[PDB]
Amino acid sequence: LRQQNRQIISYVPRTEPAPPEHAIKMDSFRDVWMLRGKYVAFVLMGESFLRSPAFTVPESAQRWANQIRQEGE
Amino acid sequence: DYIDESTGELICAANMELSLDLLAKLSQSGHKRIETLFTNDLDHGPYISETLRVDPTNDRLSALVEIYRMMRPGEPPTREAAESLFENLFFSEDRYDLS
Amino acid sequence: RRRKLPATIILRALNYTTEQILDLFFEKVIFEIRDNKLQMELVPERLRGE
Amino acid sequence: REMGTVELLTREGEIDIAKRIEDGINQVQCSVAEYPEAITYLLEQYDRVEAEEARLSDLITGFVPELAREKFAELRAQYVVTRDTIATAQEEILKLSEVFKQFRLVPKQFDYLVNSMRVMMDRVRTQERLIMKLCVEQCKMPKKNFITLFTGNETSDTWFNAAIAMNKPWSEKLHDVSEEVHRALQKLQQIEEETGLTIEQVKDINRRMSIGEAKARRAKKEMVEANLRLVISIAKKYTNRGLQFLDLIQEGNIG
């Protein structure tokens with residue numbers, strides 16, 4: 001029989017992520033934010049925030065958000 | 001840091017940049033109160049946040065391991081040895097005097 | 001006078017978490033979510049020198 | 001770091017290592033007592049002691065002095081009847097070895113027996129390597145055939161005429177080194193006559209005692225590696241007496 005030795009403690013780096021860029025601009029469209037692809041897909045009604053299905057073309061998302069905001073009080 | 005109530009996932013960790021996608025994600029999970037840090041560019045410099053970002057340690061144990069490695073390079077760290085070294089460094093009356 | 005380490009290492013070794021460190025070394029501003037959801041409190045002395 | 005890579009023992013491990021050491025020592029003692037040259041050297045040393053050329057102190061380290069003299073006389077009688085009983089020789093050699101093991105000799109005497117055994121086995125193996133070099137590395141005769149016709153005989157012309165007269169184009173060209181083959185055979189015969197025994201049993205004893213020595217060395221190394229910590233702890237207290245800590249711990253390791 002033997003006796004157990006003291007354990008050796010180690011650790012790992014935190015590997016901090018990279019911040020996003022979020023290069024955006026509001027000229028006249030009000031729905032022309034630039035994130036990726038569709039680039040905008042934003043809508044906010046009521047006390048909570050809801051996520052759009054991210055229509056790739058800007059006009060479709062724009063008028064869908066408009067017609068949603070008109071019917072959504 | 002804010003965690004989800006359904007799956008218990010970490011929606012956003014402490015001391016990270018907040019963006020549109022992040023706020024949308026943490027607001028679709030049912031959060032109503034959000035607090036940030038008030039930092040200026042000439043009066044309240046955010047050097048603590050930058051130091052935390054640079055810092056690769058995770059917890060007390062990682063900090064103790066790093067301190068032990070810095071103090072005694074080439075020696076395998078031990079929990080008890082590192083704790084004793086930290087206690088004796090500045091919190092021991094036999095080795096520290098502030099008359 | 002040994003090799004320099006980040007100043008947060010000793011603070012973490014003092015049994016202090018990231019949230020407590022941020023609380024101690026920074027001020028807190030609360031952002032609400034009412035209609036508009038963009039209605040943060042405004043302390044008057046926070047609009048000086050910027 | 002190197003010292004802490006290993007872990008200290010317990011009482012049960014110490015008992016097990018001591019038992020292993022005792023078993024290896026007993027095996028080595030049996031292997032070295034099974035030879036008659038040990039008895040021959042014992043009798044020669046006893047005769048030199050009786051001839052006013054030495055002392056009784058370095059003859060036997062106690063017992064396991066008229067009793068010692070009568071035991072030596074009995075050992076001499078057993079050896080002479082063993083040499084006079086050349087199918088009973090093996091049994092009488094075993095009895096002589098048991099009686100020898102019943103005697104507590106001197107470590108220097110045991111080392112002399114061990115190195116004489118090493119000398120004789122080295123001579124035998126040198127002759128064997130000469131034998132294999134004279135035809136395997138010179139006549140270029142086959143490996144498996146060599147093994148088959150050489151395993152066991154090692155004395156006759158089984159490896160001499162077969163390697164030459166086997167109708168291969170490279171076989172009949174070394175009657176010049178046939179003379180060296182005969183000389184090696186004569187040397188082996190002289191060594192065998194001097195020893196009074198065979199060769200395979202000698203090799204068996206040699207590798208058995210080698211295994212025992214290796215086991216004892218492994219156990220001693222384990223004990224030393226376990227007690228390095230105690231050595232350091234004892235050497236801690238003399239660090240300021242004109243000697244270096246490394247020197248002190250090395251001396252402690254030797255102790």
Side-chain angles (χ1 to χ4, degrees), chain A residues 1-11, chain B residues 61 64-86 88, chain D residues 1-33 61 64 101 104-115 117-118 121-122 204-255:
Chain A
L1 268 173
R2 302 255 187 162
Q3 292 183 23
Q4 292 301 110
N5 262 347
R6 283 183 175 176
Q7 207 70 37
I8 295 172
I9 316 297
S10 195
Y11 81 109
Chain B
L61 267 300
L64 285 182
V65 170
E66 267 286 333
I67 289 159
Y68 195 83
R69 283 180 181 174
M70 177 274 282
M71 286 303 282
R72 289 165 171 179
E75 167 166 342
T78 313
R79 162 194 278 277
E80 294 96 337
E83 277 194 305
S84 293
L85 192 139
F86 193 61
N88 272 321
Chain D
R1 298 209 247 105
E2 286 154 345
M3 189 270 291
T5 48
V6 312
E7 52 191 358
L8 76 160
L9 292 169
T10 54
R11 185 190 281 272
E12 262 91 346
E14 287 173 5
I15 294 309
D16 204 11
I17 295 192
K19 185 71 64 65
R20 274 157 66 198
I21 285 174
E22 274 197 351
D23 178 80
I25 284 177
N26 287 319
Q27 290 200 311
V28 165
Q29 279 226 353
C30 291
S31 280
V32 72
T61 312
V64 178
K101 281 200 68 166
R104 208 166 60 194
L105 275 78
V106 190
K108 70 102 176 175
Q109 298 269 104
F110 273 112
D111 291 331
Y112 185 85
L113 305 181
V114 165
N115 63 51
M117 191 71 197
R118 284 295 93 81
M121 65 87 72
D122 278 324
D204 292 328
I205 297 299
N206 291 308
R207 101 271 189 274
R208 189 145 66 191
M209 71 183 292
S210 84
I211 287 171
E213 198 151 0
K215 169 176 180 181
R217 256 193 318 260
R218 285 279 301 277
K220 289 197 254 197
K221 155 173 183 159
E222 288 185 0
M223 291 298 290
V224 169
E225 292 199 353
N227 299 276
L228 289 190
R229 268 154 190 234
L230 172 68
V231 163
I232 284 184
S233 75
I234 294 175
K236 280 190 316 186
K237 307 176 294 200
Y238 302 94
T239 189
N240 288 318
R241 289 194 194 180
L243 216 55
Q244 297 286 107
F245 198 33
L246 285 165
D247 292 304
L248 293 152
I249 65 186
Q250 286 291 121
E251 297 292 329
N253 294 330
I254 285 165

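Lettering follows sequence order; numbering is per chain, from 1. Hydrogens, waters and symmetry mates are skipped; everything else that's a heavy atom, side chains included, is used.
Nearest heavy-atom pair, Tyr68(B) versus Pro76(B), reported as atom, atom and distance to 0.1 Å: CE2-O, 4.2 Å. The shortest non-hydrogen separation linking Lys101(D) to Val64(D) is O-CG2, 4.0 Å.
Between atom CD of residue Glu80(B) and atom CD of residue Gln7(A) there is a gap of 10.0 Å, rounded to the nearest 0.5 Å. Note: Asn206(D) CG to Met121(D) CE = 4.0 Å, rounded to the nearest 0.5 Å. The structure places CG of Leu248(D) at 9.5 Å from CG of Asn240(D), a figure rounded to the nearest 0.5 Å. The line from OG1 of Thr239(D) to CG of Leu246(D) is 9.5 Å long, rounded to the nearest 0.5 Å. Considering CD1 of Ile232(D) and CE of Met3(D), their distance stands at 3.5 Å, rounded to 0.5 Å. Here the CG-CG distance, from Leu8(D) to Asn5(A), works out to 7.0 Å after rounding to the nearest 0.5 Å.
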| task | Take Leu61(B) and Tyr11(A), measure what side chain to side chain contact (heavy atoms under 4.5 Å, CB included) needs, and give me the verdict at the end. | result | CA-CA 8 Å; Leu61(B) 267 300; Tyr11(A) 81 109; over 6 Å; no
| request: Apply the test side chain to side chain contact (heavy atoms under 4.5 Å, CB included) to residues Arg2(A) and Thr10(D): give CA-CA distance (whole Å), side-chain angles for both, the deciding distance (0.1 Å), then the verdict. | output: CA-CA 6 Å; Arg2(A) 302 255 187 162; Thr10(D) 54; 5.7 Å; no
| request: Go through the steps to decide whether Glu225(D) and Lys221(D) satisfy the test side chain to side chain contact (heavy atoms under 4.5 Å, CB included), and finish with yes or no. | output: CA-CA 6 Å; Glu225(D) 292 199 353; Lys221(D) 155 173 183 159; 3.4 Å; yes
| task | Begin from the C-alpha positions of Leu243(D) and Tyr238(D) and carry the test side chain to side chain contact (heavy atoms under 4.5 Å, CB included) through to its verdict. | result | CA-CA 8 Å; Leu243(D) 216 55; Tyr238(D) 302 94; over 6 Å; no
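Counting heavy atoms from C-beta outward, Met209(D) and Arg118(D) have side chains that approach closer than 4.5 Å. Residues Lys215(D) and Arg20(D) have side chains in contact (heavy-atom distance under 4.5 Å, counting atoms from C-beta outward). Side-chain atoms of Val224(D) and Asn253(D), non-hydrogen and from C-beta on, never get closer than 4.5 Å to each other. The closest side-chain heavy-atom distance from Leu64(B) to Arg79(B) is not below 4.5 Å. The shortest distance between side-chain heavy atoms of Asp16(D) and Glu12(D) does not fall below 4.5 Å. Between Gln27(D) and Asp23(D), some side-chain heavy-atom pair lies under the 4.5 Å cut-off.
At distances below 3.5 Å, at least one donor-acceptor pair connects side-chain atoms of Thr61(D) with backbone N or O atoms of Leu105(D). Between the side chain of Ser31(D) and the backbone N or O of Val28(D), no donor-acceptor pair lies under 3.5 Å. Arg1(D) places a side-chain N or O within 3.5 Å of a backbone atom of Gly74(B) that can act as its donor or acceptor partner. Between the side chain of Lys220(D) and the backbone N or O of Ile21(D) there is no donor-acceptor pair closer than 3.5 Å. A side-chain donor-acceptor contact under 3.5 Å links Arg207(D) to the backbone of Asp204(D). Counting only distance, with no hydrogens or angles, the side chain of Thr5(D) and the backbone of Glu2(D) share a donor-acceptor pair below 3.5 Å.
Within 6.0 Å of CG in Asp111(D) there are more than 12 heavy atoms belonging to other residues, nucleotides or ligands. No more than 12 heavy atoms of other residues, nucleotides or ligands sit less than 6.0 Å from atom CZ of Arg11(D).
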